[PDB]
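> This is input39.cif, which holds mmCIF, C-alpha atoms:
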data_my_file
loop_
_atom_site.label_atom_id
_atom_site.label_comp_id
_atom_site.auth_asym_id
_atom_site.auth_seq_id
_atom_site.Cartn_x
_atom_site.Cartn_y
_atom_site.Cartn_z
CA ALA A 1 103.72 96.57 94.72
CA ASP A 2 107.40 96.97 95.52
CA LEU A 3 108.52 100.53 96.10
CA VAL A 4 111.74 101.36 94.32
CA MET A 5 113.98 104.35 94.85
CA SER A 6 117.23 105.34 93.23
CA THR A 7 119.78 108.10 92.84
CA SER A 8 122.41 108.92 90.25
CA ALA A 9 124.64 110.22 93.00
CA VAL A 10 127.96 108.57 93.67
CA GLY A 11 129.24 107.78 97.14
CA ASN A 12 130.35 105.15 99.56
CA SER A 13 126.99 104.73 101.20
CA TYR A 14 123.54 106.21 100.89
CA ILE A 15 121.16 107.41 103.58
CA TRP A 16 117.46 107.14 102.91
CA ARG A 17 114.96 108.95 105.08
CA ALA A 18 111.32 108.01 105.41
CA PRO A 19 108.52 110.52 105.91
CA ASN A 20 108.11 109.49 109.52
CA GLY A 21 111.79 109.70 110.36
CA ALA A 22 112.70 106.08 109.84
CA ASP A 23 116.33 106.08 108.75
CA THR A 24 118.03 103.33 106.76
CA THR A 25 121.12 102.93 104.63
CA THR A 26 122.31 101.11 101.54
CA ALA A 27 125.64 100.22 100.01
CA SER A 28 124.43 101.21 96.58
CA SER A 29 122.38 103.76 94.76
CA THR A 30 119.24 101.58 94.60
CA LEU A 31 116.87 100.84 97.46
CA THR A 32 113.76 98.72 97.47
CA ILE A 33 110.98 98.51 100.01
CA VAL A 34 109.00 95.40 100.73
CA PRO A 35 105.26 96.11 101.31
CA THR A 36 105.43 94.46 104.71
CA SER A 37 108.30 96.50 106.12
CA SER A 38 108.20 99.59 108.29
CA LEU A 39 109.39 101.72 105.39
CA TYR A 40 106.40 101.24 103.09
CA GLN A 41 105.33 104.81 103.68
CA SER A 42 103.68 107.36 101.45
CA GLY A 43 104.77 110.99 101.56
CA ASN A 44 108.02 112.90 101.12
CA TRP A 45 111.25 110.89 100.94
CA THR A 46 114.76 112.34 101.04
CA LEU A 47 118.33 111.17 100.49
CA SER A 48 121.82 112.18 101.53
CA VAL A 49 125.14 110.77 100.36
CA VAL A 50 128.11 109.70 102.42
CA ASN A 51 131.57 109.88 100.88
CA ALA A 52 134.81 108.14 101.81
CA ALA A 53 135.73 110.79 104.35
CA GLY A 54 132.50 110.24 106.21
CA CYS A 55 131.19 113.65 105.05
CA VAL A 56 127.47 113.79 104.30
CA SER A 57 125.82 115.83 101.58
CA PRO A 58 122.83 118.12 102.10
CA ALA A 59 119.60 116.25 101.77
CA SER A 60 117.90 116.07 98.41
CA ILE A 61 114.67 117.69 97.44
CA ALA A 62 111.97 115.41 98.64
CA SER A 63 110.28 113.11 96.21
CA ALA A 64 106.69 112.41 97.02
CA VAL A 65 105.48 108.83 96.97
CA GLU A 66 101.82 107.99 96.70
CA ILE A 67 100.69 104.54 97.72
CA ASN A 68 97.19 103.89 96.49
CA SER A 69 94.54 101.63 97.88
CA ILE A 70 92.98 98.81 95.90
CA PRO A 71 89.30 99.28 94.93
CA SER A 72 86.43 96.80 95.12
CA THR A 73 85.15 94.75 92.22
CA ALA A 74 81.76 96.41 91.53
CA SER A 75 80.51 92.98 90.66
CA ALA A 76 78.94 93.00 87.27
CA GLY A 77 75.78 91.38 86.13
CA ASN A 78 74.29 90.47 82.79
CA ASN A 79 70.88 90.88 81.22
CA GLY A 80 69.45 87.61 82.44
CA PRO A 81 69.08 84.59 80.19
CA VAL A 82 69.53 85.59 76.60
CA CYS A 83 67.50 83.94 73.82
CA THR B 1 57.42 81.31 94.80
CA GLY B 2 59.80 80.66 91.93
CA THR B 3 60.48 84.24 90.80
CA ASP B 4 63.19 86.85 91.28
CA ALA B 5 63.26 89.85 93.63
CA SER B 6 65.29 92.92 94.55
CA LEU B 7 66.89 93.94 97.83
CA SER B 8 67.19 97.60 98.69
CA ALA B 9 69.59 99.49 100.95
CA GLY B 10 68.94 103.03 101.99
CA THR B 11 71.19 105.74 100.63
CA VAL B 12 74.13 107.04 102.58
CA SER B 13 76.23 109.63 100.89
CA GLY B 14 79.73 108.37 100.30
CA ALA B 15 79.05 104.87 101.55
CA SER B 16 80.01 101.61 99.98
CA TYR B 17 77.72 98.70 100.38
CA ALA B 18 78.21 94.98 100.72
CA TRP B 19 75.73 92.19 100.97
CA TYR B 20 76.54 88.82 102.48
CA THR B 21 74.66 85.51 102.15
CA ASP B 22 74.85 84.77 105.84
CA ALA B 23 75.48 86.28 109.23
CA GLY B 24 79.00 87.07 110.32
CA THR B 25 79.68 88.40 106.84
CA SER B 26 81.44 85.17 105.89
CA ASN B 27 80.46 85.05 102.23
CA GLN B 28 79.94 88.09 100.07
CA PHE B 29 76.87 88.24 97.83
CA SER B 30 77.22 91.63 96.15
CA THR B 31 78.48 95.22 96.14
CA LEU B 32 75.41 96.96 94.76
CA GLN B 33 73.14 99.27 96.72
CA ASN B 34 70.18 97.53 95.08
CA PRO B 35 71.19 94.00 93.97
CA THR B 36 68.84 91.31 92.86
CA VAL B 37 68.22 87.79 94.04
CA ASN B 38 67.29 85.09 91.60
CA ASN B 39 65.03 82.06 92.03
CA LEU B 40 63.52 82.52 95.47
CA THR B 41 61.65 79.37 96.42
CA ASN B 42 61.19 79.91 100.13
CA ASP B 43 61.87 82.52 102.77
CA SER B 44 65.49 83.54 102.96
CA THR B 45 67.60 86.23 104.53
CA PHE B 46 70.28 88.61 103.41
CA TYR B 47 72.75 90.63 105.39
CA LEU B 48 73.68 94.22 104.58
CA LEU B 49 76.81 95.91 105.70
CA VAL B 50 77.30 99.63 105.12
CA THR B 51 80.82 101.02 105.22
CA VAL B 52 81.93 104.64 105.46
CA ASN B 53 85.60 105.66 105.42
CA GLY B 54 86.48 102.05 106.10
CA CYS B 55 84.16 101.69 109.19
CA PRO B 56 81.17 99.31 109.01
CA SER B 57 77.87 99.82 110.77
CA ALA B 58 75.99 97.13 112.62
CA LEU B 59 74.98 94.32 110.33
CA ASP B 60 71.45 94.88 108.95
CA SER B 61 69.51 91.68 108.38
CA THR B 62 66.50 91.48 106.06
CA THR B 63 64.06 88.76 105.12
CA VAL B 64 62.54 88.26 101.74
CA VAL B 65 59.22 86.65 102.26
CA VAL B 66 58.10 84.18 99.69
CA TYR B 67 54.39 83.83 99.10
CA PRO B 68 53.16 80.30 99.28
CA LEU B 69 52.34 78.14 96.31
CA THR B 70 48.90 78.33 94.88
CA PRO B 71 46.53 75.35 94.56
CA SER B 72 45.47 73.97 91.23
CA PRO B 73 41.96 75.14 90.29
CA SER B 74 39.23 72.53 90.50
CA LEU B 75 37.34 71.23 87.48
CA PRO B 76 34.75 68.42 87.27
CA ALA B 77 35.53 64.84 86.30
CA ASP B 78 35.65 63.74 82.67
CA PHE B 79 32.24 64.45 81.43
CA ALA B 80 30.31 63.50 78.38
CA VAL B 81 27.46 65.00 76.37
CA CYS B 82 25.62 64.13 73.11
CA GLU B 83 25.54 66.40 70.04
#
Please re-express this file's structure in structure tokens.


Amino acid sequence: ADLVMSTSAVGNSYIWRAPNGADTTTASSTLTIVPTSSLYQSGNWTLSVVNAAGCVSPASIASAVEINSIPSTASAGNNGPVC
Amino acid sequence: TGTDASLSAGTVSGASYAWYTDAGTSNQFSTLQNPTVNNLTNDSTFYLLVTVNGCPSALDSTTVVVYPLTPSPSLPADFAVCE
């Protein structure tokens, strides 16, 4: 599933930091992560905001993300031929 | 010959099981530890894979032996008696 992150904070650009240190930016308050990219990471994510002067806010309190695995089917049976 | 039978894996704590219809685990048969097989008419084989924490063990092949068909019993030719 797509991983979606957002902030209510206002700024000129946003810095998003992945649990393993990967560092990307967006022009808006909403970021999405494609399951096939290097950012599809579970764990603690943080954000900082860049204003027009190029000054960067203290990082946010991390938000944990949990990416769950997909279980097996536990293939079901029946009770044999039924009269 | 002609009836149903069970297969039976040993028990490994925490393991998932998977049975496959052929070697090379190309086609999955079931996910049960003790699945059944319907309509066995001749000898066949099944392949068991056991997986723990995502790591499979060596594929375990088994054979279900099918007893051979029985002969018709033998009775005498049409006979005839008087009252």

> Could you tell me which residues the PyMOL selection byres ((chain A) within 10 of (chain B)) grabs in this file, written as a list in words?

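Given this file, the PyMOL selection byres ((chain A) within 10 of (chain B)) evaluates to residues 72, 73, 74, 75, 76, 77 and 80 of chain A.
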
> Work out how far apart CA of residue 45 in chain B and CA of residue 22 in chain B are and give it in Å to one decimal.

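Computing it gives 7.5 Å between the two atoms.
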
> Which is closer to residue 4 in chain A than all the others in A:34, A:83, A:62, A:27, using all atoms listed in the file?

A:34

> Would you compute, for all listed atoms of range 57-68 of chain B, the axis-aligned bounding box grown by 3 Å on each side, and then report its centre and edge lengths in Å rounded to one decimal, as AutoDock Vina command-line options?


--center_x 65.5 --center_y 90.1 --center_z 105.9 --size_x 30.7 --size_y 25.5 --size_z 19.5

> Out of A:56, A:39, A:3, A:82, which residue has the shortest atom-to-atom distance to residue 18 in chain A when counting only C-alpha atoms?

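Ranking A:56, A:39, A:3, A:82 by distance to residue 18 in chain A, first place goes to A:39.
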
> Which residue out of B:69, B:49, B:64, B:58 has the minimum interatomic distance to residue 7 in chain B when all atoms listed in the file are used?

B:64

> Considering only C-alpha atoms, return as a PDB file with C-alpha atoms, keeping the file's coordinate frame whatever protein or nucleic-acid residues lie within 12 Å of range 51-55 of chain B, sequence-local ones (same chain, fewer than 5 positions apart) excluded.


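Everything below was put into part00.pdb:
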ATOM      1  CA  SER A  69      94.540 101.630  97.880  1.00  0.00           C
ATOM      2  CA  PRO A  71      89.300  99.280  94.930  1.00  0.00           C
TER       3      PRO A  71
ATOM      4  CA  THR B  11      71.190 105.740 100.630  1.00  0.00           C
ATOM      5  CA  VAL B  12      74.130 107.040 102.580  1.00  0.00           C
ATOM      6  CA  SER B  13      76.230 109.630 100.890  1.00  0.00           C
ATOM      7  CA  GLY B  14      79.730 108.370 100.300  1.00  0.00           C
ATOM      8  CA  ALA B  15      79.050 104.870 101.550  1.00  0.00           C
ATOM      9  CA  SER B  16      80.010 101.610  99.980  1.00  0.00           C
ATOM     10  CA  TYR B  17      77.720  98.700 100.380  1.00  0.00           C
ATOM     11  CA  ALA B  18      78.210  94.980 100.720  1.00  0.00           C
ATOM     12  CA  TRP B  19      75.730  92.190 100.970  1.00  0.00           C
ATOM     13  CA  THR B  31      78.480  95.220  96.140  1.00  0.00           C
ATOM     14  CA  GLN B  33      73.140  99.270  96.720  1.00  0.00           C
ATOM     15  CA  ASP B  60      71.450  94.880 108.950  1.00  0.00           C
TER      16      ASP B  60
END

> Give as a CSV table (one decimal) with C-alpha atoms, in the coordinates of the input the residues that the PyMOL selection byres ((chain B and resi 2) around 6) matches when applied to the coordinates above.


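The file below, expr.csv, is the result:
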chain,number,residue,atom,x,y,z
B,1,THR,CA,57.4,81.3,94.8
B,3,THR,CA,60.5,84.2,90.8
B,39,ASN,CA,65.0,82.1,92.0
B,40,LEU,CA,63.5,82.5,95.5
B,41,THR,CA,61.6,79.4,96.4

> So what do you get for CA of residue 8 in chain B versus CA of residue 34 in chain B, distance-wise?

4.7 Å

> Run through the PyMOL selection byres ((chain A and resi 63) around 10) on the given coordinates and return the selected residues as a count of residues only.

12

> Rounded to one decimal, what separation in Å do you get between CA of residue 26 in chain B and CA of residue 46 in chain B?

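Spanning CA of residue 26 in chain B to CA of residue 46 in chain B is a straight-line distance of 11.9 Å.
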
> Tell me, as a list in words, which residues lie within 10 Å of range 31-33 of chain A, counting all atoms listed in the file; anything in the same chain fewer than 2 positions away does not count.

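Near range 31-33 of chain A, the qualifying residues are residues 1, 2, 3, 4, 5, 6, 7, 14, 15, 16, 24, 25, 26, 27, 28, 29, 35, 36, 37, 38, 39, 40 and 41 of chain A.
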
> Pick from B:43, B:5, B:27, B:37: nearest to residue 66 in chain B, with all atoms listed in the file counted?

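Once distances to residue 66 in chain B are computed over all atoms listed in the file, the minimum belongs to B:43.
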
> Which of these, B:78, B:71, B:83, B:20, has the shortest distance to residue 50 in chain B once you count only C-alpha atoms?

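Closest to residue 50 in chain B, using only C-alpha atoms: B:20.
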
> Because some atoms of range 54-80 of chain A are absent here, can you restore N, CA, C and O atoms and send them as a PDB file, keeping the file's coordinate frame?


ATOM      1  N   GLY A  54     133.564 110.208 105.235  1.00  0.00           N
ATOM      2  CA  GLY A  54     132.500 110.240 106.210  1.00  0.00           C
ATOM      3  C   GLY A  54     131.701 111.527 106.223  1.00  0.00           C
ATOM      4  O   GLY A  54     130.943 111.753 107.171  1.00  0.00           O
ATOM      5  N   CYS A  55     131.862 112.369 105.201  1.00  0.00           N
ATOM      6  CA  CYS A  55     131.190 113.650 105.050  1.00  0.00           C
ATOM      7  C   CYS A  55     129.864 113.404 104.343  1.00  0.00           C
ATOM      8  O   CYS A  55     129.790 112.617 103.394  1.00  0.00           O
ATOM      9  N   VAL A  56     128.808 114.063 104.805  1.00  0.00           N
ATOM     10  CA  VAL A  56     127.470 113.790 104.300  1.00  0.00           C
ATOM     11  C   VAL A  56     126.879 114.999 103.603  1.00  0.00           C
ATOM     12  O   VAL A  56     126.875 116.100 104.151  1.00  0.00           O
ATOM     13  N   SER A  57     126.374 114.784 102.403  1.00  0.00           N
ATOM     14  CA  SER A  57     125.820 115.830 101.580  1.00  0.00           C
ATOM     15  C   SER A  57     124.523 116.363 102.151  1.00  0.00           C
ATOM     16  O   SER A  57     123.885 115.704 102.958  1.00  0.00           O
ATOM     17  N   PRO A  58     124.140 117.569 101.758  1.00  0.00           N
ATOM     18  CA  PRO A  58     122.830 118.120 102.100  1.00  0.00           C
ATOM     19  C   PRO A  58     121.762 117.230 101.540  1.00  0.00           C
ATOM     20  O   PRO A  58     121.935 116.660 100.470  1.00  0.00           O
ATOM     21  N   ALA A  59     120.651 117.125 102.242  1.00  0.00           N
ATOM     22  CA  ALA A  59     119.600 116.250 101.770  1.00  0.00           C
ATOM     23  C   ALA A  59     118.979 116.780 100.503  1.00  0.00           C
ATOM     24  O   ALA A  59     118.878 117.981 100.293  1.00  0.00           O
ATOM     25  N   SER A  60     118.535 115.843  99.681  1.00  0.00           N
ATOM     26  CA  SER A  60     117.900 116.070  98.410  1.00  0.00           C
ATOM     27  C   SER A  60     116.539 116.676  98.569  1.00  0.00           C
ATOM     28  O   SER A  60     115.989 116.755  99.658  1.00  0.00           O
ATOM     29  N   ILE A  61     116.010 117.151  97.457  1.00  0.00           N
ATOM     30  CA  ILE A  61     114.670 117.690  97.440  1.00  0.00           C
ATOM     31  C   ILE A  61     113.744 116.516  97.532  1.00  0.00           C
ATOM     32  O   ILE A  61     113.910 115.541  96.803  1.00  0.00           O
ATOM     33  N   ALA A  62     112.782 116.584  98.421  1.00  0.00           N
ATOM     34  CA  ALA A  62     111.970 115.410  98.640  1.00  0.00           C
ATOM     35  C   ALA A  62     111.190 115.006  97.413  1.00  0.00           C
ATOM     36  O   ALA A  62     110.653 115.835  96.687  1.00  0.00           O
ATOM     37  N   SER A  63     111.076 113.713  97.249  1.00  0.00           N
ATOM     38  CA  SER A  63     110.280 113.110  96.210  1.00  0.00           C
ATOM     39  C   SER A  63     109.050 112.519  96.851  1.00  0.00           C
ATOM     40  O   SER A  63     109.154 111.720  97.779  1.00  0.00           O
ATOM     41  N   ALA A  64     107.888 112.935  96.410  1.00  0.00           N
ATOM     42  CA  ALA A  64     106.690 112.410  97.020  1.00  0.00           C
ATOM     43  C   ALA A  64     106.363 111.041  96.468  1.00  0.00           C
ATOM     44  O   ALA A  64     106.459 110.808  95.269  1.00  0.00           O
ATOM     45  N   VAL A  65     105.916 110.159  97.340  1.00  0.00           N
ATOM     46  CA  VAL A  65     105.480 108.830  96.970  1.00  0.00           C
ATOM     47  C   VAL A  65     104.017 108.683  97.317  1.00  0.00           C
ATOM     48  O   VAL A  65     103.595 109.066  98.408  1.00  0.00           O
ATOM     49  N   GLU A  66     103.229 108.151  96.406  1.00  0.00           N
ATOM     50  CA  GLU A  66     101.820 107.990  96.700  1.00  0.00           C
ATOM     51  C   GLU A  66     101.466 106.524  96.620  1.00  0.00           C
ATOM     52  O   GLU A  66     101.582 105.918  95.558  1.00  0.00           O
ATOM     53  N   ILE A  67     101.040 105.948  97.723  1.00  0.00           N
ATOM     54  CA  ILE A  67     100.690 104.540  97.720  1.00  0.00           C
ATOM     55  C   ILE A  67      99.182 104.459  97.713  1.00  0.00           C
ATOM     56  O   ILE A  67      98.529 104.881  98.668  1.00  0.00           O
ATOM     57  N   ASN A  68      98.629 103.916  96.649  1.00  0.00           N
ATOM     58  CA  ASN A  68      97.190 103.890  96.490  1.00  0.00           C
ATOM     59  C   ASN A  68      96.558 102.615  97.002  1.00  0.00           C
ATOM     60  O   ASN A  68      97.148 101.538  96.987  1.00  0.00           O
ATOM     61  N   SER A  69      95.316 102.755  97.424  1.00  0.00           N
ATOM     62  CA  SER A  69      94.540 101.630  97.880  1.00  0.00           C
ATOM     63  C   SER A  69      94.030 100.847  96.689  1.00  0.00           C
ATOM     64  O   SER A  69      94.072 101.306  95.555  1.00  0.00           O
ATOM     65  N   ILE A  70      93.536  99.654  96.945  1.00  0.00           N
ATOM     66  CA  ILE A  70      92.980  98.810  95.900  1.00  0.00           C
ATOM     67  C   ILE A  70      91.463  98.847  96.011  1.00  0.00           C
ATOM     68  O   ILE A  70      90.932  98.583  97.089  1.00  0.00           O
ATOM     69  N   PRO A  71      90.759  99.164  94.935  1.00  0.00           N
ATOM     70  CA  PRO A  71      89.300  99.280  94.930  1.00  0.00           C
ATOM     71  C   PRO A  71      88.619  97.922  94.926  1.00  0.00           C
ATOM     72  O   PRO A  71      89.245  96.886  94.772  1.00  0.00           O
ATOM     73  N   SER A  72      87.308  97.958  95.133  1.00  0.00           N
ATOM     74  CA  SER A  72      86.430  96.800  95.120  1.00  0.00           C
ATOM     75  C   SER A  72      86.149  96.357  93.698  1.00  0.00           C
ATOM     76  O   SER A  72      86.605  96.968  92.738  1.00  0.00           O
ATOM     77  N   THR A  73      85.397  95.275  93.552  1.00  0.00           N
ATOM     78  CA  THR A  73      85.150  94.750  92.220  1.00  0.00           C
ATOM     79  C   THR A  73      83.906  95.278  91.514  1.00  0.00           C
ATOM     80  O   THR A  73      83.810  95.108  90.299  1.00  0.00           O
ATOM     81  N   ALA A  74      82.968  95.925  92.195  1.00  0.00           N
ATOM     82  CA  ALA A  74      81.760  96.410  91.530  1.00  0.00           C
ATOM     83  C   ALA A  74      81.145  95.315  90.697  1.00  0.00           C
ATOM     84  O   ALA A  74      80.900  95.483  89.505  1.00  0.00           O
ATOM     85  N   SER A  75      80.909  94.184  91.342  1.00  0.00           N
ATOM     86  CA  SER A  75      80.510  92.980  90.660  1.00  0.00           C
ATOM     87  C   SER A  75      79.483  93.257  89.602  1.00  0.00           C
ATOM     88  O   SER A  75      78.446  93.857  89.873  1.00  0.00           O
ATOM     89  N   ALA A  76      79.777  92.788  88.414  1.00  0.00           N
ATOM     90  CA  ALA A  76      78.940  93.000  87.270  1.00  0.00           C
ATOM     91  C   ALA A  76      77.917  91.922  87.109  1.00  0.00           C
ATOM     92  O   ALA A  76      78.117  90.778  87.500  1.00  0.00           O
ATOM     93  N   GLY A  77      76.809  92.300  86.502  1.00  0.00           N
ATOM     94  CA  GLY A  77      75.780  91.380  86.130  1.00  0.00           C
ATOM     95  C   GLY A  77      75.699  91.233  84.639  1.00  0.00           C
ATOM     96  O   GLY A  77      76.612  91.616  83.901  1.00  0.00           O
ATOM     97  N   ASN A  78      74.576  90.707  84.187  1.00  0.00           N
ATOM     98  CA  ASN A  78      74.290  90.470  82.790  1.00  0.00           C
ATOM     99  C   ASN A  78      72.849  90.890  82.592  1.00  0.00           C
ATOM    100  O   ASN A  78      72.272  91.569  83.439  1.00  0.00           O
ATOM    101  N   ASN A  79      72.242  90.486  81.496  1.00  0.00           N
ATOM    102  CA  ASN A  79      70.880  90.880  81.220  1.00  0.00           C
ATOM    103  C   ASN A  79      69.923  89.723  81.375  1.00  0.00           C
ATOM    104  O   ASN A  79      68.872  89.694  80.746  1.00  0.00           O
ATOM    105  N   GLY A  80      70.278  88.765  82.216  1.00  0.00           N
ATOM    106  CA  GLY A  80      69.450  87.610  82.440  1.00  0.00           C
ATOM    107  C   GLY A  80      69.697  86.647  81.306  1.00  0.00           C
ATOM    108  O   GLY A  80      70.589  86.855  80.498  1.00  0.00           O
TER     109      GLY A  80
END
